[PDB]
């Protein structure tokens, strides 16, 4: 259930960049992660560099100014706030992970899909093939698809 955005145009901004990947690969992973969700809802996402974005994307370490301190390498990979003003919507990625484009380390795209689900108001799935299942798993990103449960969940919130 959860809170939802009360509009269908949502902006995001990348506050800072992990040194683990180059800038263009970070931008690509995030853009594609938003596209997964826009593909099955009325939502549209635009990246901005200037202005007040709804969803701020942040890489940070350990205790980083909120109530969800990170824990070093492993364990919690990221956390995101549900829809709302201010820190609402924002997605934080633990810099103590090694973010990648691929299967090594922690794949940024797949983690971002999961986190953006939370930023849009989804909770966890019991479907062990759903991207909103609680625990990270690498799957071939070239053939990645939302599960029927993920699509059901997001279409129940928007549209």
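Note that the rigid core is defined as the largest set of C-alphas that superpose within 1.5 Å between two forms. Residue numbers count along the first chain shown, from 1.
S.K.: Stretch 31 to 39 versus stretch 65 to 73: after rigid core alignment, which one is farther off in C-alpha RMS in 6 other deposited structures of this protein?
M.R.: This comes out as 65 to 73, the stretch further from the shown form in 6 other deposited structures of this protein.
S.K.: Core-aligned, which moves more in 6 other deposited structures of this protein: 45 to 53 or 104 to 112, by CA RMS?
M.R.: Once the cores are fitted, 45 to 53 deviates more in 6 other deposited structures of this protein.
S.K.: Quick one: higher average CA temperature factor, 146 to 154 or 132 to 140?
M.R.: Between 132 to 140 and 146 to 154, it is 132 to 140.
S.K.: Do the CA atoms of 49 to 57 or those of 120 to 128 have the higher mean B-factor in the entry?
M.R.: Stretch with the greater average CA B-factor: 120 to 128.
S.K.: Check where residue 76 lands among this chain's C-alpha B-factors and tell me if it's the lowest, middle or highest third.
M.R.: Its C-alpha B-factor belongs to the middle third of this chain's values.
S.K.: Should residue 22 be placed in the lowest, middle or highest third of its chain by the C-alpha B factor in the entry?
M.R.: Ranked within chain, residue 22 CA B lands in the highest tercile.
S.K.: Splitting the chain's C-alpha B-factors into thirds, which one does residue 94 fall into?
M.R.: Bottom third by C-alpha B-factor.
S.K.: In terms of the chain's CA B-factor thirds, is residue 111 lowest, middle or highest?
M.R.: Its C-alpha B-factor belongs to the lowest third of this chain's values.
S.K.: Which third of the chain does residue 68 land in by C-alpha B-factor: lowest, middle or highest?
M.R.: For residue 68, the deposited C-alpha B-factor lands in the highest third.
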